[PDB]
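Counting convention: from 1, in listed order, for ligands and their atoms alike. Throughout, residue positions are numbered sequentially from 1 according to the sequence presented. Hydrogens, waters and symmetry mates play no part in the numbers below; they use all other heavy atoms, side chains included.
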Amino acid sequence: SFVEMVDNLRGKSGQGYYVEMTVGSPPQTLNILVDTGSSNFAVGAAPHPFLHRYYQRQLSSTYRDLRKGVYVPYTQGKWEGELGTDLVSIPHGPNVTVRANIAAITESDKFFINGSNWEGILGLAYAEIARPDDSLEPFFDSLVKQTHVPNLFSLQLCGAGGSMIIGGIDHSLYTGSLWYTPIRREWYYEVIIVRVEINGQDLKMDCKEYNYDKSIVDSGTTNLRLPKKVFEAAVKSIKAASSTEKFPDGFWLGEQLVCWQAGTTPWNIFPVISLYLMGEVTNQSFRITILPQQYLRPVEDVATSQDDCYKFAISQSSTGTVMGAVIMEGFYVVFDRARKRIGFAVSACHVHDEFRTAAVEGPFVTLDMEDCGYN
Ligand SMILES: CCOC[C@@H](Oc1cc(C[C@@H]2CS(=O)(=O)C[C@H](NCc3cccc(C(C)(C)C)c3)[C@H]2O)cc(F)c1N)C(F)(F)F
């Protein structure tokens with residue numbers, strides 16, 4: 001039941017959201033990063049300074065070596081390993097066990113994060129972007145093929161963990177309307193942004209710029225990442241709105257903290273960002289609104305805990321727009337693979353203060369009939 005699946009995610013700020021999984025027979029328990037931005041299932045399989053535990057293939061009598069190596073370079077972080085298959089379950093997910101491809105990570109560089117409490121990654125996107133190539137069936141494809149669980153999952157990520165509901169939509173997790181944007185191509189979860197506003201002010205760019213060279217929904221990525229030209233415009237606009245206070249250059253590069261005395265964070269001086277997503281109907285769109293409570297990410301370090309400190313969680317990208325965790329937080333996001341669309345609604349843990357609230361609103365109509373896809 002979906003009720004059993006609620007609150008099955010945990011996480012630390014800036015360190016992803018993970019779900020408990022078991023691999024092998026007898027089951028070995030691991031925490032696994034939920035990542036809609038990749039398509040490989042991979043687990044630590046040898047000692048590493050940042051690993052609390054790892055997958056021991058020799059103790060699983062159901063493990064099969066595929067006799068193939070694999071290497072995955074992310075934007076930040078990389079690992080290499082050996083491919084195999086084994087039995088996998090999700091204790092607080094569907095009540096099924098399936099045989100899936102698993103990469104056993106034997107060497108890595110800046111992949112594992114000290115203290116994150118996860119030991120592997122679950123790539124939930126499509127085979128087209130799997131390594132070594134698209135012939136390696138991703139986990140979710142295996143799950144659907146072997147169990148006839150409906151071809152859909154949803155994520156409710158909550159900020160300072162959340163729920164991954166497999167096989168359907170849990171209405172207890174959102175309010176208001178669920179708005180759908182088409183998946184443009186089944187590789188990443190690619191979507192189209194048709195308009196961007198900062199505090200109600202249109203950035204006024206050709207809408208193709210927002211999607212150079214793609215826009216994706218990516219739960220494994222912390223920040224909102226924007227194409228260079230869009231990032232520069234966004235920062236200028238956010239700077240203009242918050243000009244009553246000055247921040248270090250390092251802050252806007254996402255590197256340095258800004259801190260305020262406990263409870264005094266001036267949320268009002270920071271603008272709301274509206275991302276308008278292509279709708280299911282021609283030239284219609286809906287917007288999701290992003291508050292500073294989302295794009296100023298709280299740090300949870302005990303050493304900094306006397307005050308409220310934040311990192312600027314918007315970053316420049318060279319590989320397109322990435323709608324990462326800080327964007328997904330507070331929304332219920334439905335990955336409706338069966339109907340090739342992604343849904344957004346305000347979730348039960350949506351961000352708000354007395355003046356403003358995260359929202360999903362539509363429909364909006366645009367006069368210009370240009371296709372915003374970069375292609
Ligand atoms: C930097 C730490 O952030 C915290 C971050 O940790 C990681 C998260 C990921 C998943 C990545 C994060 S990313 O920023 O690299 C974008 C990428 N999705 C798009 C993409 C870009 C490039 C290549 C590919 C492939 C896999 C299709 C080849 C896919 C995701 O999957 C890999 C890592 F190693 C680490 N640690 C977390 F903790 F999860 F929040």
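For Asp353 and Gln293, the side-chain atoms include at least one donor-acceptor pair closer than 3.5 Å. A donor-acceptor pair shorter than 3.5 Å can be found between the side chains of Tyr310 and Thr265.
A salt bridge links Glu280 and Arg341; the closest N-O separation between the charged side-chain nitrogens and carboxylate oxygens is under 4.0 Å.
Among residue pairs with one or both ends in residues 359-375, those qualifying as salt bridge (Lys or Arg N to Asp or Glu O under 4.0 Å) are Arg287-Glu361; sequence neighbours excluded.
With sequence neighbours excluded, no residue forms a ring pair (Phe, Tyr, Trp, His ring centres under 6.0 Å) with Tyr71. The side chain to side chain contact (heavy atoms under 4.5 Å, CB included) check on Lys228 picks up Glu232, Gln316, with sequence neighbours excluded.
A distance limit of 4.0 angstrom between heavy atoms and ligand 1 selects the residues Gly14, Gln15, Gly16, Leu33, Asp35, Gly37, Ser38, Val72, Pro73, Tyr74, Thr75, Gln76, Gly77, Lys110, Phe111, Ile113, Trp118, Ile129, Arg131, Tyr188, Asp218, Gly220, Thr221, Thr222.
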